[PDB]
């Protein structure tokens, strides 16, 4: 029921920023694994096996203790990475657009301002985890979920996130995470962020 999604672009379609090589691994390895561990946990747990990844991820209570964690770590990863793949593009980057843009300025004053905040957050997260641009009600803040936890698990709808696990950049940038973070901006598809905004609200 849960399947590994197709990359809307080539694996080298981002080769300057993120090396096609990690793209290959991070996609056909890690991610896939999550989709695997996931499907094979809900195996036999009927009522669960009938829920959307989102619902499933949201109400982490309906899942029995015995496998709650696995649906978490694997349910989140599969969800997080799923989103990630779409928040980049060979024909993307630049500055935000749409209401998302405005809101961003209403927020931290200027986009560059926001960025400086985000970059800081993405670098804040110790160990593994992700950084995001939630949308709590008519508002949007900046947070960072550890390991694979997804913000939807706290009632906050994501619209932008950045894998910060060292496996998402250690090949090309090793320990220089800020560099990886700076680079990110070039590929980020604000069109998606936009769409992901209207739906949430």
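Numbering follows the first chain given and starts at 1.
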query: Which of 19 to 27 and 173 to 181 has higher mean CA B factor, as the PDB entry lists it; finding: 19 to 27
query: Stretch exceeding the other in mean C-alpha B-factor - 7 to 15, 189 to 197; finding: 189 to 197
query: Peak C-alpha temperature factor (PDB record), options 80, 128, 74, 115; finding: 115
query: Entry-reported Cα temperature factor of residue 70, expressed as the chain third it lands in; finding: lowest
query: Residue 148 - which third its CA temperature factor falls in, relative to the rest of the chain; finding: lowest
query: Relative C-alpha B-factor of residue 136, binned into the chain's lowest, middle or highest third; finding: highest
query: Chain third (lowest, middle, highest) by recorded CA B-factor, residue given as residue 33; finding: lowest
query: Entry-reported Cα temperature factor of residue 166, expressed as the chain third it lands in; finding: lowest
